[PDB]
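What follows is a single chain, given as structure tokens, in the form solved without the ligand.
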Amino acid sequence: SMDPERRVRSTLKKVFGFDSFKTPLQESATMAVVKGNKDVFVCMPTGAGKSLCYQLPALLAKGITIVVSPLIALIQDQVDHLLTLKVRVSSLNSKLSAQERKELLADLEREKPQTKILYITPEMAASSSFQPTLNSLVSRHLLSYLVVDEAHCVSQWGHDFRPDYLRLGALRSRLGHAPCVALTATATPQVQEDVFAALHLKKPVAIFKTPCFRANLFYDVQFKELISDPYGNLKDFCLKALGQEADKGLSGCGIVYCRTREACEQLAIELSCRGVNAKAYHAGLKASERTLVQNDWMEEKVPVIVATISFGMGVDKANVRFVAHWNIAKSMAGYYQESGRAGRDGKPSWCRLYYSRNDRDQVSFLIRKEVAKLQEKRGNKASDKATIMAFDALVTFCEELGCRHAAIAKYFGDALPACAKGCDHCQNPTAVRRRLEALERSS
């Protein structure tokens, strides 16, 4: 094609069936992989089109794109999708018939193989029965790209450490000609640096990292210990949030996250009695009550659901005007995911964490118990340190003064976000200072 972008748009349309890219960022990433002069790191949430960023460029390349993916279930999802698009995609694994195995190995030995995209477990990629095939592919210069999917699996500080992933670096170096595309949904900066080092990515690494920052979310922290009427404070909070078309009255809905079922039940009643209708949602309820509560919340019959973290996964509601954490979350990640259910329609929403040192001490305690249980059962691990530090970053978020968006950015590894008087601290630095000084005196 006269224009490389025109061929990319063409293939995205003709093969994959999309008129545009989901985001400028997915576009930029895909284009950097096509240009092929840089190793590429892509860190985008599950559903943000990571796959395409290597799958489309794989099709516009001379040769084969090997895609290392950690477990067979994940491979199969994409193989089947790619087969619906009549893409020449193969998978080498031991969940196969020994016949299919040799049919493919033969196809890979051909000068001009049928296979365009080869999905493979890291186990398979390091196994000696595959080494000959790998070598002839390397020798013939028949690899266009090496792709390492679920790249965080290389990090002991990530959530899913796989020793198998430690070997992928040696492999990467052998494929000098083929650029490496490493992808994950979840990487703190420390996991990023492990991905960059442990996979021997060639600097300069092009990074495409979906930021946390949403311009329409107002984050604040309130100290339960500093409030005479906590339930009253929450009620005013929910009402202000829902009362953003004064003429029409209550519009939108909200979520209030609590650690325990007991708390969900009681807090729902306390709010209802104080003039904001609310219902509890938690896994203790019968399946049918959950679907009635969710439904009532979804239909805006009851505007406020008070739930455990068991609520939100399977829900698309775009006019959540507020998420309030009544108890601090297990982790900054949790808090981000939960608070972030607010404001999906882009209109102003409010995320408020109700911090108490008592909650903090209780969650800190329960994290140290469940780590101990794991340390007894499957022995000591560096991920336990990351779990504790995951809580700590949220404790820190509550107990320090600074832009709240900035603190979430620091933790996930985003740039300083354009918080436009969009958090308590940026809107009134002194007010937050006062509350922290005041919380100091409480002990």
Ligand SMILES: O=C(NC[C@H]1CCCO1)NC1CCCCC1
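If you superpose the two forms and keep the largest set of C-alpha atoms that fall within 1.5 Å, you have the rigid core. Don't overthink the numbering: it's just position in the shown sequence, from 1.
Just so you know, the form solved in complex with the ligand exists too; it's not on screen, but the next bit is about it.
The candidate spot formed by 223, 358 and 442 is out of contact with the ligand in the bound PDB entry: none of the three has a heavy atom within 4.5 Å. Interface membership of residue 333, defined by any non-hydrogen atom within 4.5 Å of the ligand in the bound PDB entry, is confirmed.
Residue contact with the ligand in the bound PDB entry: residue 187 places a heavy atom within 4.5 Å of it. Taking the partner from elsewhere, residue 36 is found to have every heavy atom lying beyond 4.5 Å of the ligand in the bound PDB entry. When the ligand is considered in the bound PDB entry, residue 135 lies well away from it, no heavy atom lying within 4.5 Å. For the options 363, 212, 143, 205, the one in contact with the ligand in the bound PDB entry, meaning a heavy atom within 4.5 Å, is 212. Put simply, of 337, 94, 291, 260 only one has a heavy atom within 4.5 Å of the ligand in the bound PDB entry, and it is 337. Between 272-280, 364-372, 215-223, 178-186, the stretch whose residues reach within 4.5 angstroms of the ligand in the bound PDB entry through a non-hydrogen atom is 178-186. Heavy atoms closer than or equal to 4.5 Å to the ligand in the bound PDB entry belong, across 38-66, to one residue only: 45. Comparing C-alpha positions between this form and the one not shown after a rigid core fit, one residue in 105, 74, 283, 215 moves 2 angstroms or more. It is 215. With the core held fixed, residue 416 shows a CA shift of 2 Å or greater between this form and the one not shown.
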